[PDB]
K.L.:
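Got a structure here, written out as structure tokens. Questions coming.
Values below: all heavy atoms of this structure, side chains included; hydrogens, waters and symmetry mates excluded. Remember, it's 1-based here, ligands and their atoms both numbered in the order they're listed. Residue numbering restarts at 1 for every chain, and letters A, B, ... go by the order of the sequence lines.
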Amino acid sequence: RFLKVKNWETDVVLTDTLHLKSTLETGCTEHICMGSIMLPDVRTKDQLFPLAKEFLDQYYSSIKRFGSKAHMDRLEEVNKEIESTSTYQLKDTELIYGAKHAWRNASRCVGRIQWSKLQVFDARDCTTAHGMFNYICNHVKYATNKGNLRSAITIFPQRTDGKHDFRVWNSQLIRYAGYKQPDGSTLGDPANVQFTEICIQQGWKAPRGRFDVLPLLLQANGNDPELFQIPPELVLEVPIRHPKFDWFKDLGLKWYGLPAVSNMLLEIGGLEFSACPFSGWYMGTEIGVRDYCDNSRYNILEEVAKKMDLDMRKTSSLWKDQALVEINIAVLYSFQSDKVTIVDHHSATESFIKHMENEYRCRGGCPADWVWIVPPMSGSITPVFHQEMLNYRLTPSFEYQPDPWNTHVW
Amino acid sequence: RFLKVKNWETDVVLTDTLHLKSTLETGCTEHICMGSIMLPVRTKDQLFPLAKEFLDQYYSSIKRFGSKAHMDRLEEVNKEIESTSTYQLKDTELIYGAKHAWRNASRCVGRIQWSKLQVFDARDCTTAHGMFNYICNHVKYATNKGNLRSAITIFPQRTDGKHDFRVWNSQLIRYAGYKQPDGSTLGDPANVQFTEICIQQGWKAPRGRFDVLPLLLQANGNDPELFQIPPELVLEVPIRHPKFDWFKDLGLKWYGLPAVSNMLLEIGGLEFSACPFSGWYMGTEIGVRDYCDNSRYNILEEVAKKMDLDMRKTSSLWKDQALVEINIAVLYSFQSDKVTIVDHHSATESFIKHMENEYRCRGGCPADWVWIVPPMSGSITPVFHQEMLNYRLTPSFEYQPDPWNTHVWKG
Ligand code: HEM
Ligand code: HEM
Ligand SMILES: Cc1cc(N)nc2cc(-c3ccc(OCC4CCC4)c(CN)c3)ccc12
Ligand SMILES: Cc1cc(N)nc2cc(-c3ccc(OCC4CCC4)c(CN)c3)ccc12
Ligand SMILES: C[C@H](O)[C@H](O)[C@H]1CNc2nc(N)[nH]c(=O)c2N1
Ligand SMILES: C[C@H](O)[C@H](O)[C@H]1CNc2nc(N)[nH]c(=O)c2N1
Ligand SMILES: [Zn+2]
């Protein structure tokens with residue numbers, strides 16, 4: 001039960017002992033593997049104290065003060081505060097550590113070599129949706145940094161009794177609207193049709209274009225959410241052109257520079273932060289492969305292949321594959337030309353292998369979800385394809401949570 | 001207890017009850033998923049329940065469960081076990097078992113074909129020369145002048161584990177690999193260790209880049225013996241590109257018949273350690289893995305050079321561009337020579353239809369996403385978006401150690 005992982009391209013073998021510290025469950029059993037399943041009332045006083053203890057133990061071990069006066073003192077202080085208030089508050093030092101380690105533990109994230117360079121914005125003093133809007137504009141501007149992107153998270157007040165949740169209703173701070181057409185097709189991003197309508201069916205007036213930046217729908221302290229438009233000068237966008245095909249410009253494609261996931265839940269020492277938007281920078285395939293070429297998304301392969309004059313009669317001409325490469329060359333070329341941070345899938349997966357070897361050496365392992373880490377194109381020519389990975393759940397963590405409109409006591 | 005899988009591109013939801021008939025373990029637990037791990041002497045004691053379970057499944061499939069034929073067969077197998085410690089399958093049971101091992105192979109994307117399998121019964125074989133003869137006939141039948149036909153040849157089952165039949169080749173047709181004193185490799189690097197064994201056993205190696213390996217065959221636990229497959233039985237395809245005339249000058253070719261020969265077939269608790277099986281190629285097996293793996297022929301650089309791509313920064317995606325061209329060439333060459341092949345778009349779409357059909361008629365279809373998704377252009381194939389459940393059903397194909405690590409040499 002001191003497990004080994006092999007890289008089959010290089011024969012490097014790493015021994016994982018970190019998994020023995022895993023706490024939550026994977027969804028698999030000895031009889032069935034659920035590795036490809038996408039998604040496999042508050043804490044009571046009894047549940048919360050062990051969770052705090054485990055977190056504080058690892059925090060004080062990380063600062064080389066395990067079993068110290070200050071350590072035992074903090075355990076006592078939090079234990080007293082839980083007994084008293086039925087919750088507790090993290091010191092700023094513990095909050096920053098917990099957020100950095102939530103990212104470090106995110107087994108589906110290929111970008112984790114950067115995990116220790118996260119800018120943490122403490123927004124626990126926030127009380128209103130206007131205040132949330134202010135914190136998010138500041139996040140967006142800080143992270144965008146005129147195209148030299150910097151990783152950041154903004155942490156809003158923690159769940160109390162679940163009636164007073166802070167939530168960002170958008171799935172990302174910056175996404176494009178989706179409108180179902182009269183005839184039956186979809187204009188804009190189909191993934192956002194429901195949210196685009198909860199915006200319209202709540203106040204928003206839509207340009208009804210192909211790339212309309214959605215408004216923010218912000219919920220403070222459990223109240224009804226409020227619409228806010230992000231200042232357009234804070235939303236950095238990149239028009240997509242190709243370094244060889246002059247007609248690529250005519251396709252009319254753009255994308256935004258800042259990937260900022262806003263719908264997840266951050267868990268630190270048993271406390272729950274239901275509103276914790278975080279951002280980094282894009283790996284090129286997220287836009288070029290998934291956003292543009294998924295059939296349930298912008299689905300542009302047909303149109304691009306036609307402009308390339310490829311033989312689309314048979315699938316064995318690999319015209320889809322050929323167009324796919326060109327689309328992704330253009331995405332990287334456009335971001336690079338406009339000096340907006342982006343990473344290609346070869347560079348990012350190579351970095352993740354180096355990160356894995358760092359984590360195995362200095363931590364005893366690194367939880368990793370191969371199904372998500374392997375890029376959605378050219379899988380086996382990236383080094384992570386040949387890398388065995390162990391997947392398990394460590395805390396602090398980012399977790400999924402239900403969409404708030406299915407839950408909101410309106 | 002029922003289980004749901006969702007296709008996130010179509011929202012089709014399927015319900016799995018077949019996983020309840022799974023017995024063998026996956027390697028995973030509630031606390032760790034080993035879904036990407038490559039790899040995660042039997043007594044009369046455990047054998048009759050394994051036999052009974054198989055025979056119950058067999059007689060159910062033929063709508064004779066509980067019949068007198070069913071009960072007599074159980075009785076007969078039971079008494080054959082206690083008196084001889086093993087038993088023999090009827091021909092009907094062998095064919096059923098082999099087809100169902102393929103049906104149950106969760107890493108196989110080609111399973112829509114599972115019921116069209118030609119089963120060759122080689123259980124009367126006794127010598128390596130006899131094995132060579134059976135294998136040649138399999139190769140000729142399966143190749144069918146380029147119109148490939150799925151087939152499996154089944155040699156005698158394990159008895160005491162000291163008399164195993166084994167094919168020491170990992171596939172019936174493979175190219176040799178030679179390590180040079182300067183550290184480079186000539187031929188297929190995956191086959192260096194096996195090539196060295198063949199040479200040690202007396203094979204005269206041509207020492208070229210595409211030398212078909214000899215067969216190394218072990219009957220009845222004896223030392224293995226070398227045989228050369230008749231060259232006229234080995235169908236090969238020279239690789240050229242439909243637009244790039246310089247591509248032929250890379251000197252590439254491949255063989256048409258993929259025939260895996262190192263796995264173990266388990267049926268009713270019986271173990272067939274020599275059971276070579278063959279189908280036809282999915283293009284990416286050759287064009288992505290065999291040609292472009294860094295540890296294989298590794299032709300990306302020279303192809304990208306001749307294409308004159310920007311090779312100075314990986315963000316030109318020169319590797320991705322060359323990879324598509326190589327895979328176009330593989331498909332074009334096989335089709336032009338009229339040798340059966342399937343592209344990864346067709347094969348993944350067939351597998352989705354197969355999988356849905358299996359959920360309807362069978363209650364499930366065990367599938368290993370990590371292996372089913374093709375190694376290029378993953379998310380533009382429909383299997384990428386398909387949730388899958390992986391579990392172990394018998395009859396099954398299993399891995400077994402390479403024979404040279406376990407064989408006791410007679411000398
Ligand atoms: C800075 C560069 C980063 C890159 C290139 C990157 C890359 C990625 C990619 C490609 C995915 C798969 C996403 C998808 O397919 O939708 C992912 C998932 C994820 N990323 Fe990262 N990311 C970065 C930064 C961050 C940061 C700063 C955080 C949080 C502080 C984070 C947390 C996550 C999480 C939680 C997931 C899903 C993991 C899970 O459910 O286990 N990432 N990332
Ligand atoms: C007829 C066309 C077939 C195609 C296109 C096909 C395709 C494939 C592919 C692409 C793989 C992944 C292997 C790799 O990447 O190296 C695979 C695995 C496999 N195939 Fe098929 N195959 C076919 C027929 C067969 C037949 C006839 C059998 C046996 C009777 C078979 C049994 C298997 C098994 C046992 C595996 C490994 C599965 C596991 O460990 O669960 N296949 N196949
Ligand atoms: C900071 C960051 C940077 C980046 N470049 N990319 C990122 C991608 C995600 C991400 C997006 C969508 C996801 O999928 C959600 C659906 C699957 C179930 C609901 C997940 C999965 N956790 C993660 C999160 C953060 C990212
Ligand atoms: C009939 C057939 C046709 C085809 N087109 N392709 C086929 C591929 C395999 C196959 C190839 C390589 C494998 O990998 C070996 C590694 C696992 C341990 C070492 C496995 C393993 N399950 C199966 C087996 C049969 C195939
Ligand atoms: C069904 C399957 O789990 C689903 O398509 C997953 C596969 N791998 C993925 N990998 C990444 N990085 N992102 C995804 O959205 C998905 N989707
Ligand atoms: C580490 C990883 O499990 C290993 O590289 C697997 C990944 N998926 C694969 N899928 C197929 N079809 N064939 C393979 O050899 C592999 N190798
Ligand atoms: Zn698993």
Side-chain angles (χ1 to χ4, degrees), chain A residues 26-29 32-36 99-100 102-115 117-120 143 149-153 259 261 264 266 276 278-283 285-286 290 341-343 345 348 351-352 367 369 372-373 375-376 391 393 397-400, chain B residues 26-29 32-36 40 98-99 101-114 116-119 142 148-152 258-260 263 265 275 277-282 284-285 288-289 340-342 344 347 350-351 366-368 371-372 374-375 390 392 396-399:
Chain A
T26 66
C28 302
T29 77
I32 184 156
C33 177
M34 299 215 160
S36 67
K100 279 177 183 189
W103 182 10
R104 195 186 187 170
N105 296 339
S107 63
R108 293 180 161 170
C109 173
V110 71
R112 284 178 278 165
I113 189 169
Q114 295 287 315
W115 71 267
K117 305 198 297 285
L118 177 65
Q119 181 59 224
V120 178
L149 307 163
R150 302 177 280 195
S151 299
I153 180 162
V261 160
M264 293 189 79
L266 165 59
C276 58
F278 52 88
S279 61
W281 51 80
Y282 267 117
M283 181 167 71
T285 49
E286 296 176 87
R290 300 309 310 286
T341 309
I342 196 161
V343 63
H345 51 289
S351 294
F352 185 75
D369 184 343
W372 281 64
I373 294 292
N391 195 26
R393 306 225 305 171
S397 56
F398 297 109
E399 312 282 10
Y400 308 93
Chain B
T26 60
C28 301
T29 74
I32 199 150
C33 175
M34 306 226 303
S36 65
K99 283 171 177 203
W102 183 12
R103 197 180 184 181
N104 292 340
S106 67
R107 290 178 170 173
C108 178
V109 74
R111 284 180 279 166
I112 193 164
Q113 292 285 333
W114 71 269
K116 291 96 162 215
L117 175 63
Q118 181 61 40
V119 175
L148 271 43
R149 293 183 283 206
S150 304
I152 179 167
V260 159
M263 294 189 77
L265 167 56
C275 59
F277 48 86
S278 62
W280 52 81
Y281 268 112
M282 181 168 73
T284 51
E285 299 182 77
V288 187
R289 305 304 313 289
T340 305
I341 195 163
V342 68
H344 53 281
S350 291
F351 178 77
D368 182 338
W371 278 65
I372 294 290
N390 193 22
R392 292 182 69 199
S396 64
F397 290 111
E398 309 284 359
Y399 305 102

K.L.:
So which heavy atom in the protein is nearest atom 4 (C) of ligand 2, and how far is it from that ligand atom?
P.N.:
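Atom 4 (C) of ligand 2 sits closest to the protein heavy atom B/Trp280 O, 3.5 Å.
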K.L.:
Side-chain contact, heavy-atom cut-off 4.5 Å: B/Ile32 with B/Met34?
P.N.:
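In short, these two side chains touch, coming nearer than 4.5 Å.
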K.L.:
Please work out which of B/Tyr281, B/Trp114, B/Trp371 has its closest non-hydrogen atom nearest to atom 14 (C) of ligand 2.
P.N.:
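Looking at heavy atoms only, B/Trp371 sits closest to atom 14 (C) of ligand 2.
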K.L.:
Just by modelled atom types, is the B/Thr284 backbone N or O under 3.5 Å from a matching donor or acceptor in the B/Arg289 side chain?
P.N.:
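Pair absent, no side-chain N/O of B/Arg289 close to backbone of B/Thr284.
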K.L.:
Are A/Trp103 and A/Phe278 close enough that some pair of their side-chain heavy atoms sits under 4.5 Å apart?
P.N.:
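Heavy-atom side-chain distance check fails, nothing below 4.5 Å.
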K.L.:
Flag the pair B/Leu265 / B/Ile152 as yes when at least one side-chain heavy-atom distance between them is below 4.5 Å, and no otherwise.
P.N.:
yes
K.L.:
Give the intermediate values and the outcome of side chain to side chain donor-acceptor pair (under 3.5 Å) for residues B/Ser106 and B/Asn390.
P.N.:
CA-CA 7 Å; B/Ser106 67; B/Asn390 193 22; 2.7 Å; yes
K.L.:
Test your reading of the model: is there a side-chain donor-acceptor pair from B/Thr26 to the backbone of A/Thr29, 3.5 Å cut-off?
P.N.:
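Indeed, once roles are kept as given, a pair shorter than 3.5 Å links the two residues.
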K.L.:
For B/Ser150, counting its heavy atoms only, list the atoms of ligand 2 lying under 4.0 Å from any of them.
P.N.:
1 (C)
K.L.:
Heavy-atom distances under 4.0 Å are what count here, so tell me which part of B/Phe397 touches ligand 2: side chain, backbone, both or neither.
P.N.:
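Just the side chain.
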K.L.:
Using a distance threshold of 2.8 Å, what protein N/O/S atoms lie below it relative to the Zn ion (ligand 7)?
P.N.:
A/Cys28 SG, A/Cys33 SG, B/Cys28 SG, B/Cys33 SG
K.L.:
Atom 21 (Fe) of ligand 2: which protein N, O or S atoms are under 2.8 Å away?
P.N.:
B/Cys108 SG
K.L.:
Check whether any side-chain N or O of A/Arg104 sits under 3.5 Å from a backbone N or O of A/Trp115 as a donor-acceptor pair, and report yes or no.
P.N.:
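Side chain of A/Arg104 to backbone of A/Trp115: no pair is present.
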K.L.:
Could you tell me, atom by atom, which parts of ligand 1 come under 4.0 Å of a heavy atom of A/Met283?
P.N.:
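Those qualifying, in numeric order: 10 (C).
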K.L.:
Quick one: does A/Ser397's side chain get under 4.5 Å of A/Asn105's, heavy atoms only?
P.N.:
no
K.L.:
Look only at interatomic distance and state if A/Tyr400 has a nitrogen or oxygen under 3.5 Å from any nitrogen or oxygen of ligand 1.
P.N.:
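Yes, since at least one N or O of A/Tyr400 sits under 3.5 Å from an N or O of ligand 1.
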K.L.:
For the atom pair CZ (A/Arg393) and CG (A/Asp369), what is the distance rounded to the nearest 0.5 Å?
P.N.:
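Nearest 0.5 Å value for the CZ-CG distance: 11.5 Å.
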K.L.:
Main chain of A/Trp281, side chain of A/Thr341: is a donor-acceptor contact present, judged purely on distance under 3.5 Å?
P.N.:
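Side chain of A/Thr341 to backbone of A/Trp281, a donor-acceptor pair under 3.5 Å: no, none is there.
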K.L.:
Could you tell me the separation between the NZ atom of A/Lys100 and the NZ atom of A/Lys117, rounded to the nearest 0.5 Å?
P.N.:
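One finds 10.0 Å between NZ of A/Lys100 and NZ of A/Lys117.
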K.L.:
Pick, from B/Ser278, B/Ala367, B/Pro366, the option with the minimum heavy-atom distance to atom 27 (C) of ligand 2.
P.N.:
B/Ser278
K.L.:
I'd like to know if the side chain of B/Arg107 reaches the main chain of B/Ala367, judged simply by a donor and an acceptor atom lying under 3.5 Å from each other, with no hydrogens or angles considered.
P.N.:
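Not a single qualifying donor-acceptor pair exists.
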K.L.:
Between the candidates A/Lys100, A/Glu286, A/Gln119, which shows the shortest non-hydrogen contact distance to atom 9 (C) of ligand 1?
P.N.:
A/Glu286
K.L.:
Return yes when B/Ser106 approaches ligand 2 closer than 4.0 angstrom through a heavy atom, no otherwise.
P.N.:
yes
K.L.:
What residue and heavy atom of the protein are closest to atom 32 (C) of ligand 2, and at what distance?
P.N.:
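Of every protein heavy atom, B/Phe277 CE1, 3.6 Å lies nearest to atom 32 (C) of ligand 2.
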K.L.:
I want to check something: taking the side chain as every heavy atom from C-beta on, are B/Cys108 and B/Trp371 in contact at a cut-off of under 4.5 Å?
P.N.:
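A side-chain contact under 4.5 Å is absent here.
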K.L.:
Are the side chain of B/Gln113 and the backbone N or O of B/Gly110 linked by a donor-acceptor pair below 3.5 Å?
P.N.:
no
